[PDB]
Each structure stands twice: as C-alpha cells, then as structure tokens.
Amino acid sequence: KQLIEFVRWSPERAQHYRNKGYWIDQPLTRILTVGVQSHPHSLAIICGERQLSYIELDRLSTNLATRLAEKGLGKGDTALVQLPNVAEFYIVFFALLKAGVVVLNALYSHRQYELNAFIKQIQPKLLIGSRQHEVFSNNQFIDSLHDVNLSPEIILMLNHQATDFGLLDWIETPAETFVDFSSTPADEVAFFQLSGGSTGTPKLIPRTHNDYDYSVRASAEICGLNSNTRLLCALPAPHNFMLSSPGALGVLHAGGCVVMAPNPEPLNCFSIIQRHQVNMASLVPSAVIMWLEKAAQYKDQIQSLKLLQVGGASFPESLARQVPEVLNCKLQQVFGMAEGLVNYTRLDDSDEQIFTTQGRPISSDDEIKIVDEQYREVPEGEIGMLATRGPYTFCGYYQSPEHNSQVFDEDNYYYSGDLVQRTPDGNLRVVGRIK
C-alpha cells in the first residue's frame, strides 16, 4: 500500500512545470503505448539477429507484467535488475513500469559488494539477473541473502538452469489467472537511477515518470531524433546518458530503433554499425579514442553514422576536432548527471561552440548558479561550483537526509561538485571537480 518515499518538488514548482507543459502526467510507458498506436510494426529493438517491433515490445512486456502481478508484486514493491545489453533489458524495464514495481537497474559490471548494498537499501521482492554473471555463477550470493532475511520472494534468471524460474519463459507466455496492475502515478517514483559521482557505493536517485519522461521528450527534440534514427547502444543500457540523453527512451519516443552492442569495442561496433546502417552513437571519451585508433582502416564500415554524442568525462578539444575529420559525423557534446541536469551542444551551434564547450541545459527552466568557496555567484565567465535545480533534477537521494542536507542549499539547488564556467555565448565548460 505505501508507495516509495522521495523528496518532492515544491508545489509552486510542480505547478510551474505543468504550466509550461514539461510535466504532462503520463507514465513512462506513454513512449510505448503511443508507439504502438502510430507504427506498431516499426523496429524498436535490433539485437544481433532479432528484431522487436513496437508491438512485439509492448506485448512481451505486457506478458511479464501480468505474470509478476499474478504473484502479487506491484505498487509498493521494489525490484533489483541486473542484465547485459540485450533486448530483455527493455522488456523487463517496461514490464516493471507497467506493473508499478519501482526498479533499480544495476550495472552488469557491479559485483556482490554493490548488489548487496542495493538489496539492503531497497529490499526488493524481485530479483533478475544472469546465470552468466560471476555473482550468479553458483548460489553463494542468493543463499547468503537467506541468512539476513533479504531474500526476494521472486528471482528470475536469464540463461536459467532447469530448477530456475527462467526470465524468457516469464516473458514468452502470459499468466493463467488475470490480476490487476498499473503504473505508479506520474508524480511519484517510477524507478531508481544511480550516481557515478560516489566514493565506492553509488547513491540512489528516485526519478518520477513526469521528470524522466520530460527529460526524454525534450532530449529527442534537441537531437533531432525521428523515426529513421537508428541508435547504437554500446554503453551500459541502464546508464542515464544511454537510457535518456536522449538514449533508448529518446529514440523510442521518436519512433526509431535501438541497435544493441555488448560494449564499445571498435571492430565489433564498427561492424554492427555496418550491418544495421546505424546513424547515431553515444560514447564516453575513453571509447572515443579507441574508435579513433581504428576508424581510418574502417572508413567504409562506419560511413552511415551521422551523429556521435560524447559525454561522461572530460573531453579535450584536441580530440573533439578529430571526431568529424576521422569518424565522419557531426559531434554533439553532452554533460549530464544521473541526478538530473543535462547539457547539450545544439546541432546548429558553431564549430567552436561544439569543440570547446559542453553545451547548454535541456530546459529554459534549468536554473543554474556558479559559486565560489563562500557560496557567492562568481563574476560571469569565471570558474565556480555548479549548483542547479530544474523540472527534472532530483530533490534528494533515497533515504539519506544526512547527505541530502550536505549537498542541497536553502533554496533547493543541488551541488554536483563540478567546476564550470559560462562562456560568452551561453554554454557551459566543465573544467574540474571538487569534494
């Protein structure tokens, strides 16, 4: 009965964000429902040989949701999902969104240590993972859970064993008895994002349907997504950048197709790009340099590529200028954070803007302060700490009133710890970090 707790925006702000049409009060599933009504047979996912259409994606994720409700998981429950870059990730994500189950999506690279702490924190009634992952190689982690009574009622395994509840069987066939389910309401938590800004253990970021959906819709527009967009998805699927900036979700919103890739390794990606005439990709700087090393020898395989976003870590101008000359596609720079705020260079910005800056916020209403060691705004152009609040920036980590009071100010701006400067045209330049 009790929905997951989070820190809310003020009602003044809630109202403003509905008034400007940012918050339209639909569930994240809107992406899918709308997609089914316009183009049920367009490709939504390409994963090696497989092709999932929008209605295939809608049907399969309905199956699993009915199947989970049958076992009485729904509004109030939480779930821990750990899945590699395969179509099942999205099927599952939609399933839980439809079910009303608030999900935390673990990175596949996360090991016992992190999975344990997430479990302790959100106490899932559902766990989903892969028998091919070192942690579910055998049973030591699962049995371990029994001994602290953090055992999930239900556990699904991809690449399951015979005595496992297989994920694929739960996706493939709908439940015998019909139980009722819906999404969490739109101004309540849809799921948990994770910070990359953390010492060791990632802090949990509640995101609501309203704020996430808005970030996705607005991002699709800033990047000019449309139904011909075919977006390579080589970064970890649950990462905010890859999910929503504009991400799988952005592409789904625009009626395009996501193209799966296990990781960002060049030869494998280059030839996934070739096979599916991928026209859009998203990478972090260390992966950009790998592609840069092999692109001249494979000019032919990667021509179809029209846009590459780079975000996630400092990106020297030196390398930025190489993207168009070497990768043969437009560059867009992205500076975002799981916590909220995302900045894009625009497609109509100048050469210099795009090579030397990390763009400007999604929303005219992303409010921004750049401040000095004593919390005063700095002179324009100077370097200070970024502080921000907006229509899609969280208002606290899950169940951490102590850390929250350290990283928010009286007026509810959030402090990322990034050192920025505003440029004379209006974009941001990420210059550093501070504790």
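Throughout, we count residues from 1 along the sequence that is shown. In this text, the rigid core denotes the largest set of C-alpha atoms whose superposition between the two forms falls within 1.5 Å.
*Asks:* If you line up the core and then measure how far each C-alpha sits from this form in 4 other deposited structures of this protein, which stretch comes out higher, 263-271 or 310-318?
*Replies:* The answer is 310-318, which departs more from the shown form in 4 other deposited structures of this protein.
*Asks:* Fit on the core, then compare CA atoms: does 200-208 or 139-147 lie farther from this form in 4 other deposited structures of this protein?
*Replies:* Evaluated in 4 other deposited structures of this protein, the stretch farther from the shown form is 200-208.
*Asks:* Comparing 114-122 with 216-224, which has the greater mean CA B-factor as deposited?
*Replies:* That would be 114-122.
*Asks:* Between 175-183 and 93-101, which has the larger average Cα B-factor in the PDB entry?
*Replies:* Comparing 175-183 with 93-101, the higher average CA B-factor belongs to 175-183.
*Asks:* Looking at 282, 279, 161, 345, which has the highest Cα B-factor in the entry?
*Replies:* Comparing C-alpha B-factors across 282, 279, 161, 345, the top value belongs to 161.
*Asks:* Per the coordinate record, which of the options 360, 207, 239, 146 holds the highest CA temperature factor?
*Replies:* Among 360, 207, 239, 146, the highest C-alpha B-factor in the entry belongs to 146.
*Asks:* Based on the entry's values, in what third of the chain does the Cα temperature factor of residue 41 lie: lowest, middle or highest?
*Replies:* Residue 41: CA B-factor falls in the middle third of its chain.
*Asks:* Check where residue 62 lands among this chain's C-alpha B-factors and tell me if it's the lowest, middle or highest third.
*Replies:* It falls in the middle third of the chain.
*Asks:* Among all modelled residues of this chain, ranked by Cα B factor, put residue 249 in the bottom, middle or top third, i.e. lowest, middle or highest.
*Replies:* Bottom third by C-alpha B-factor.
*Asks:* For residue 314, does the deposited CA B-factor place it in the lowest, middle or highest third of the chain?
*Replies:* It falls in the middle third of the chain.
*Asks:* With respect to C-alpha B-factor, does residue 76 fall in the lowest, middle or highest third of the chain as deposited?
*Replies:* Tercile = middle for this residue's CA B-factor.
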